Ligand SMILES: Nc1ncnc2c1ncn2[C@@H]1O[C@H](COP(=O)(O)OP(=O)(O)O)[C@@H](O)[C@H]1O
Ligand SMILES: Nc1ncnc2c1ncn2[C@@H]1O[C@H](COP(=O)(O)OP(=O)(O)O)[C@@H](O)[C@H]1O
Ligand SMILES: Nc1ncnc2c1ncn2[C@@H]1O[C@H](COP(=O)(O)OP(=O)(O)O)[C@@H](O)[C@H]1O
Ligand SMILES: Nc1ncnc2c1ncn2[C@@H]1O[C@H](COP(=O)(O)OP(=O)(O)O)[C@@H](O)[C@H]1O
C-alpha cells in the first residue's frame, strides 16, 4: 500500500510543482509527505535511446535522477521507506557499471 | 501557460474522456504525420491501444490505383 | 432566498487557497483569476484549524474567507502516475517466483 | 481607420484624428543632420562621388531621366571593415540630403514580439511615403542577413520576411519608389544572396583600406583641429601605414598628443608623432634582444 | 495600543498582495502588480522603507 | 443655417448608445437563444418582435441591446482584412508580354488557371478534376513575383493577394483562423484567386523542435492543411504559391492538392534575353545605334531585372557625363563591367528543388 | 517601539494627503499632440486614450512617448515620470560603494599607470581637456592571467571620486526569449547617461562578444546581434560614451569588437603578469 511515484514526466508535471530548480528536490519533497513511497524510472528500458552520445545526456540526468536522489537518500537528508527502480536491456546496463 | 492550460485542457479532456467507459459512446481516431512530440499519456494504455501506419501502395494497390482512376 | 439573493450580488463570491497565515490573524490567500490578496479572520474557523495550501471560500465583501473545503495536489500527480500503468498483484502475475 | 473619437457608453465617432504610431517605433531616429560635411574627409571621393548621386539624383537630377524615361536607383549597399568610416560617412551624407532622415540598425530588427519589425517596416515606409521625400538608411543587415537555410530554427527567419516584405515592397509592390534606402554592414559575408536587383540592394562598392592619399589627409583633417610644430612628413605614416584603419589614424594623434600632454609640451612634433605610430600598433612589448 | 485599533480601519477591511517594483526617490514607490497597477506610498509605519527594495 | 441645425438634429439621434455586437450561437426557446459576447460570456436573451428565427439561425453574427441585451439588429458578414488585401495593382495586362520568357511558363499557367474558370466542362468532358492551385519556385532566373503580379491584373476576374508578413499577429498567433476567415469570403466572393509569396518561412519543419515561436508556426500550418484537407471544396479559389525554395515546406504541402503543379523559372536564355532587353530598350530612347545581341553576347547569364536595372543604371552611369542620348558604347562597357560586380554576389544562388 | 509608535501616528496626515495625488495611476506614455488642447496617451493596461491635461502641466515641457501620471477618471496629465525600465537585474548590474584602493597593487607601476592616465586622470580634471583637448580616448583592451583582473576595477571602485560605476556580468547578457539583453545593453546606456558620464565596465566580454560565425545553424545568430548591437552602441555618435570604457578579457578573440576597437577604441595594454 506504499504510494508510488515515477520519473519525468513530460512536459507540465515539472513547473506544476514549484517554478524552476534542479527540479528533483521537489520530487524528493513529495516523498516526505507520503512514506513509505516507491519511485520508478519510466521507462528508459530500451536499446533505442542510446545514440552513444545524444541519448547519454538525456539518460545522464535520468541516470542522475537516481544519483542525486541516491546522493539525497544516502548522502544526506533522511531517512527510510524511499526506493528507486531502474530498467534496461544491455548497453546502459554496462553503462550502469560505469555508475556501479 | 494558456496553452499549458489547453494542454492541461488536453489533460482535462484526457481526464474526462475516460468517463466514456463504459459503453456509450465514442470512437477515438487519431492521425499525425510526425510521432515525435506525442506524450506517453497520449499513447497511454486505455487511450491508444491500436496503431495504424501508412502502408505504401504496391503492385496490387498500384494496379488498383491504376484501374480506379482510369 | 431573496435575502441571500440580495446578499450575493453586491459582492459576488469566490473560493480561495491559503498559502500562509499571519500573526496579526490575517491569512495569505490568492484570488485565483487575478493577483493574490491577504485577508484576516474570519472568527468562526480559527488559524490552527486550517493549514496553508488548503481550499477556502473567498468572501466577496470584506474579501475574507467564508468556508473550508479540501484541496488536491497529489490526486493530480497520482493521476498522472496512475495514467501510465495499473498494478494487479501476485495472483495476476506469473513466472517471477524466482525474483519475487 | 485608426483613432476614431468615442467616449465610453456613448459609442459615437466624432472625428478621425491622424495618425499612425508609435513612439520610437514611429521615429527610429529623427535628427537635424550630421554636424559636419563630407568635404572634410577624402580619398574615397570617386566611389562616394558615385554614391552621392544615388541620394542626390532623386533629390534633384531625376529631371535628367524624364527626357529618356529612366527610373532612379533604389538598391544600394555600403560595406567594408572599419575603417573606412561609413558609420560617420553614411550619416555625414544626410547633411546634404536635406530630407528628413531615419536611422535603422540591427538592434531595431531585434524584435521582442513577432510582426513588429514587419509592421514597423510597413509603418516605416508609411512614414517614408507619408513624409516623402525623406531619407532612410539601414545597417547591420548581416544580423538578419541569413535565414539559416534549413530549420530549426531562426528567430529572424520570421523577420527575414520583413526584409522579404521590404523586398515585396521593392519587388512585388510599386509604392516603395520614393525615399531611397541604403544598407550597410561590417561585412557582406553571408546573407540572402538574391538581394541583387534595383528594388533590393544594387550598388556594391568595396571600400578598401584607406590609402596614402586619404591616410595622409584623414588624420591631417583629424589633426587640423589641433596645433602642429610646422614640420610633419605625413608621408612617414602614409609610407609606413600598413593595415592601419582610418579610425586608427584618429587615435594615432591621440596618444601622440597624450604624451605631449604629460610632457607639458606646448605643441606636437613629429618625433612625438612618429612615436605614436608604433605606440598604438602593434602589440609587443615582449623584448628587444639578440638583435640588440 | 490605540494605534492597533486606529490604522486597522485604514488597513480595513481587506488588503491585497502587490509586487514591489520601483521607487520615486521621494519615496513614492511605483509598483507593477496584477495587472500592472502602480501606486505611491510614503507611509511612516513598519518601514524600513529602504530595505524592502525593488524586485 | 438650416443645414447646421440638420447636423444638430443629426446629433439629436446620436445620444442613443450603440448596441453590442453578437454572434447567435444556438437557441433554446422563443425567449431564450444561446449568444456569446466577443469577450466570451454566454447569454440567453429575448428577441425583438419584428424578427423570425429564420432571420436569425444558429451561428449568426448579430447584435444585442446594451441593457436588456435583447436580439434586435444584425449583419451576416463582416471582417477587416479582406478587401484591403485586394488593392495592389500592377500595370498590365500588357506586362504579360513585358516579362519576356518563357512560353511554357507563360502559356501553361493560362491553361492551369484561366481555362478552369471559364470552361469546367472541358474538365468534365475528359473527366479530369480541376486543379485548384498552382506553385512557382526559384530563384534561378527570376520573375516569380512579377509574373504573378502581372497575371493578377491580366487575368482580371476576381483575385485577392495574400500579404505573407503580418499573419504572425504578435500576441496569440492563432491567426491561421484568418485563412478560414479569408476562405469564407473566398467561398462567398467565389470565384476569387490568391497569390502567396513566401510559403517557406510559414513552411516551418518542426524537424527538431525548439523554443516557442516555432510552435505557433506549426500550429498555423495545421489549419492550412485542414483547410485544403476538407470536408470542403475550394475549387473556385486558385491558390498560387512562390517563395525562395521548394524544400522546407515538409511533404504535406509538397503533394498535389496543396501543391497542384510544378512551375518555376531558370536563367532566361540569351535568345529569350534578346527579348528581355527589348522591353528594357523600349522605354529608353537613345541615339539610334543599337545591336541588341551585342549586350546579349557580351552580358551573359543574367535576369530580367538584373539586366534592365543595370541597363538603366548604365544609362544612369552614362548620363553622369550630363549628355542626353547614349549609344551602346557606354552600355557595352557599363552593363558589362557593372554586372561583373553584380555577378560577384551571384554566388550561392543555386538552391534545391 | 517609540519608532513604531511615532510610525503609526501620522497616517492621519497620510490619509489626508492620500486623497490628493493617489489616483495618479496609471503610468502612461503619450503618443501625439495635434494642437494646443489635445493629447493622446497609451498605457500597458491596454487603455489608450486621446485626452487632455491638468493645468499644472505645460505643453512644451513634455516629451512624446513619455511615462506620465494621470487621474484615470478625467484621464488628465498629472506629472511625467522620467524612468522606464529596467528591473533589479540592473540594480544587480549597477553597483555602488568603494573598496580595494590603489595600494593593493602588487608592484605594477606603469602597467596600471598607462591605464591610470586613461580613466581617472581625465576624470580628476575634465577641465584638463579644455585647453589641450582634443579628447580623452575612446576605449582600452585588457587580458592576461587572472592576476589581476577586475581588481583594477576594484581599484577604480575605491578611487572613484564622482559616481558609483556599473559592473557588467557576462552570462546575464545571454538570455532566452530572443532580444532580452538586447534591450538592456541599449537602454542601460541611457540609464548610464542618466548618471551623466558615470563609467561602465564589462566582464567576460569575450564570452558575450562571441565571434565570428559558422554557416549553420545559430545559435550565435541572436548573439550575433549583441556583438554588432554593442557595435551599434559603439556606432552611436553620442557621447561616446562620456564614460569612455574599460574592458578586460582573456583571449584575443572575439575578433569583431577586437577589429572594431581599431575602428573606435584605443589603448591596447596588457598584464602584468609576473615579473
Ligand atoms: N577618415 C575618417 N574620419 C573619421 N572617422 C573615421 C575615418 N576613417 C574611419 N573612421 C571611423 O571608422 C568607424 C567605422 O568604419 P566603418 O567600417 O565604415 O563603419 P560601419 O562598418 O560600422 O558602417 C567609424 O566610426 C569612423 O569613426
Ligand atoms: N524583365 C524583368 N524586368 C523587371 N523585373 C523582373 C524581370 N524579370 C524578373 N523580374 C523580377 O523578379 C522578381 C521575382 O523574382 P524573386 O525570386 O523575387 O527575385 P530574386 O531572384 O532576386 O529573389 C519579380 O518581382 C520581378 O520584379
Ligand atoms: N484516394 C486517395 N488516396 C490517397 N491520397 C489521396 C486520395 N485522394 C486524395 N488524396 C490526397 O490526399 C490529400 C489530402 O489528404 P488528407 O488526409 O486530408 O491530408 P493529411 O493526411 O495531410 O491530413 C490531397 O492533397 C490529395 O492529393
Ligand atoms: N599586481 C597585483 N596586485 C594585487 N593582486 C594581484 C596582483 N596580481 C595578481 N593578483 C591576484 O590575482 C587574483 C586575480 O584573480 P581574478 O580576479 O579571478 O582575475 P580575473 O578577474 O582576470 O579572472 C586576485 O586574487 C589578486 O589578488
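Chains as they are written, first to last, in this note's numbering: chain A, 1 to 100; chain B, 101 to 170; chain C, 171 to 270; chain D, 271 to 562; chain E, 563 to 617; chain F, 618 to 970; chain G, 971 to 1245.
Here a beta-carbon is modelled for each residue, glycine too, at the ideal position from N, C-alpha and C.
Ranked by Cα distance from residue 131/B, the first of 104/B, 155/B and 151/B is 151/B. Residue 1060/G has its Cβ no nearer than 7 Å to any heavy atom of ligand 1. Residue 537/D is classed as exposed because its beta carbon has fewer than 16 other beta carbons within 10 Å across all chains shown. By the neighbour-count criterion, in which a residue is buried when 16 or more other Cβ atoms sit within 10 angstroms of its Cβ, residue 283/D is exposed. Here residue 401/D carries a helix assignment [DSSP, helix/strand/coil]. In the three-state DSSP reduction, residue 236/C falls in the strand class (E or B). Proximity of residue 11/A to chain B, defined by a Cβ-Cβ separation below 8 Å, is satisfied. For residue 209/C, the neighbours in chain E by C-beta distance under 7 Å run, in chain order, 576. Residue 56/A places its beta carbon 8 Å or farther from that of residue 2/A. Among the residues of chain C, those whose CB is under 7 Å from the CB of residue 579/E are 205, 206, 207 and 208, following chain order.
For residue 908/F, same chain residues with a beta-carbon under 7 Å away, outside a window of 5 residues either side, are 945 in chain order.
Residue 590/E: member of the beta strand (DSSP E) spanning 590 to 592, first to last residue. Residue 1217/G sits buried, since 16 or more C-beta atoms from the chains shown fall within 10 Å of its C-beta.
DSSP places residue 438/D within a helical segment (H, G or I) once states are collapsed to three.
Cβ-Cβ separation between residue 1239/G and residue 1084/G: approximately 5 Å, consistent with a contact (criterion under 8 Å). In terms of Cβ geometry, residue 346/D and residue 472/D form a close pair [threshold 8 Å]. A heavy atom of ligand 3 is found nearer than 7 Å to the CB of residue 133/B. Contact annotation: the region 713 to 731 of chain F touches the region 885 to 905 of chain F, with at least three C-beta pairs closer than 8 Å.
With respect to residue 501/D, residue 459/D sits apart: the two C-beta atoms are not nearer than 8 Å. Secondary structure note for residue 720/F: its alpha helix (DSSP H) is the uninterrupted segment 720 to 735. In this structure, DSSP gives residue 882/F a state outside helix and strand, which the three-state scheme calls coil. Counting only runs of at least 3 residues, the region 1167 to 1245 of chain G fully encloses the following beta strand (DSSP E) elements, listed from N- to C-terminal order: 1216 to 1219. Residue 602/E carries a coil assignment under DSSP once its states are collapsed to helix, strand and coil.
The beta carbons of residue 199/C and residue 206/C sit closer together than 8 Å. For residue 686/F, same chain residues with a beta-carbon under 7 Å away, outside a window of 5 residues either side, are 660 and 662 in chain order.
No heavy atom of ligand 1 is found nearer than 7 Å to the CB of residue 1196/G.
In the three-state reduction of the DSSP assignment, residue 370/D falls in the strand class.
If the five residues before and after residue 543/D are omitted, its C-beta is found closer than 7 Å to the C-beta atoms of 502 and 526, all from its own chain and listed in chain order.
The Cβ of residue 233/C sits closer than 8 Å to at least one Cβ of chain E. Residue 778/F sits in a strand when the DSSP states are folded into three classes. For residue 628/F, the enclosing alpha helix (DSSP H) stretches over residues 619 to 628. In this chain, residue 998/G is not harboured by any alpha helix (DSSP H); it is covered by the beta strand (DSSP E) spanning 998 to 1002. At a cut-off of 8 Å between C-beta atoms, residue 364/D does not count as an interface residue with respect to chain G. Per DSSP, residue 555/D is not a residue of any alpha helix (DSSP H), being assigned neither H nor E. By the rule that beta-carbons nearer than 8 Å mark a contact, residue 604/E does not touch chain C. A direct Cα-to-Cα measurement between residue 17/A and residue 234/C gives close to 27 Å.
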